[PDB]
Amino acid sequence: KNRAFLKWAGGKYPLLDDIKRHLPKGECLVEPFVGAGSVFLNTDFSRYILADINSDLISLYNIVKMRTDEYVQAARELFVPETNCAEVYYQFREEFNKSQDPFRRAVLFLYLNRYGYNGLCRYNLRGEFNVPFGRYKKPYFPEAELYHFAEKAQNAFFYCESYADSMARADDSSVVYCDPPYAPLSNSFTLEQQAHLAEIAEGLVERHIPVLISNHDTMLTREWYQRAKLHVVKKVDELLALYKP
DNA sequence: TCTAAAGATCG
DNA sequence: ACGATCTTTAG
Ligand SMILES: C[S@@+](CC[C@H](N)C(=O)[O-])C[C@H]1O[C@@H](n2cnc3c(N)ncnc32)[C@H](O)[C@@H]1O
């Protein structure tokens, strides 16, 4: 069981076993909401199509892939005891937001993810990262996870685009796994998008393309994924919607 | 999920 | 320039 090098919400590590158990077999795996890519790191497809709306995220993934050794050596320099304090953090955060170099931003991005408050990723309407200092004892530099990501990424393509466009890339030999932002328990992921995602899923399964969707087990998710074989996992339970052709 | 301060929106 | 009400910001 492999871990990602990034702290990221929606890490489905406790549910990885349940996901792989319902995930159909295929040649290519498509992930419209790849995030930390825990599913990508713990499956075994011959090729992957990985996408996310976060441009900083996708940019990092490309750099780690194409320029692995150069990146690891550069990013490791920021994981020294001297950098674990507020003043250094807020200057590095300011350097990230003012940098126009993809490589430097990707290097600082890992630092901010490991030293930032609760590993959050928050922006303002200007696209500026504004997560405060995290105050951890000693942040772990995920060197092993980085190299393992780069190796598996050799069979993956990273795109920065909405789910509708990424799911449009899926063909006959493709399996689509969707891990959308959690449905509410009653710039966010609106209810209309939640419903639209299920609609696109029904379109793919009508074209003989397998689609698996994970989400909370609420009334809305039941109504959204009504045309799928629902599976309940595990307060609020977890739901798996399988669209089998 | 929290909040004080600053900006946005309308008639 | 007013003022109530959100909206945004960032620790
Ligand atoms: C809940 S996270 C899941 C991450 C991933 N499953 C993991 O293991 O880390 C959902 C991700 O989808 C991305 N996302 C949000 N809205 C999107 C949209 N409208 N289209 C495509 N991706 C989106 C977000 O950037 C977020 O990282």
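Proteins get letters first, then strands, A, B, ... in listed order; numbering begins at 1 in each.
- Classified by interplanar angle (parallel below 30°, tilted 30° to 60°, perpendicular above 60°), the ring pair A:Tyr111/A:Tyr89 is tilted.
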### Message
Just to be sure I follow the notation: if a pair is Watson-Crick (purine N1 to pyrimidine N3 plus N6-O4 or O6-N4) or a G-U wobble (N1-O2 and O6-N3), each under 3.5 Å, what dot-bracket string does DNA chain C give, with | for pairs to another strand?
### Response
.|||.||||||
### Query
After noting the C-alpha distance and the side-chain angles of A:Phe33 and A:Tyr163, does the key distance pass the side chain to side chain contact (heavy atoms under 4.5 Å, CB included) rule?
CA-CA 7 Å; A:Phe33 311 87; A:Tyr163 59 91; 3.5 Å; yes
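- At most 12 heavy atoms of other shown residues, nucleotides or ligands fall within 6.0 angstrom of atom OH in A:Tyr117.
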Any N/O pairs under 3.5 Å between the protein and nucleotides 9-11 of chain C? List them or say none.
from: C:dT9; atom 1: OP1; to: A:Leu125; atom 2: N; distance (Å): 2.6
from: C:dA10; atom 1: OP2; to: A:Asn124; atom 2: ND2; distance (Å): 2.9
from: C:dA10; atom 1: OP2; to: A:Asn130; atom 2: ND2; distance (Å): 2.9
from: C:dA10; atom 1: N7; to: A:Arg122; atom 2: NH1; distance (Å): 3.3
from: C:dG11; atom 1: OP1; to: A:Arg93; atom 2: NH2; distance (Å): 2.7
from: C:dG11; atom 1: OP2; to: A:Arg93; atom 2: NH1; distance (Å): 2.7
from: C:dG11; atom 1: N7; to: A:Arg122; atom 2: NH2; distance (Å): 3.0
from: C:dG11; atom 1: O6; to: A:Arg122; atom 2: NH1; distance (Å): 2.7

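- Aromatic ring pairs are classed by plane angle as parallel below 30°, tilted from 30° to 60° and perpendicular above 60°; the pair A:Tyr61 and A:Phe158 is tilted.
- In this pair, A:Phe109 and A:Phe96 present their aromatic rings tilted. The plane angle is within the 30 to 60° band.
- Residues A:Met66 and A:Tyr159 do not share a hydrophobic cluster, clusters being chains of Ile/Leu/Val/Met/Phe/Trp/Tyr side chains in contact below 4.5 Å.
- Between A:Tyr71 and A:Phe103, the two ring planes are perpendicular [angle over 60°; tilted spans 30° to 60°].
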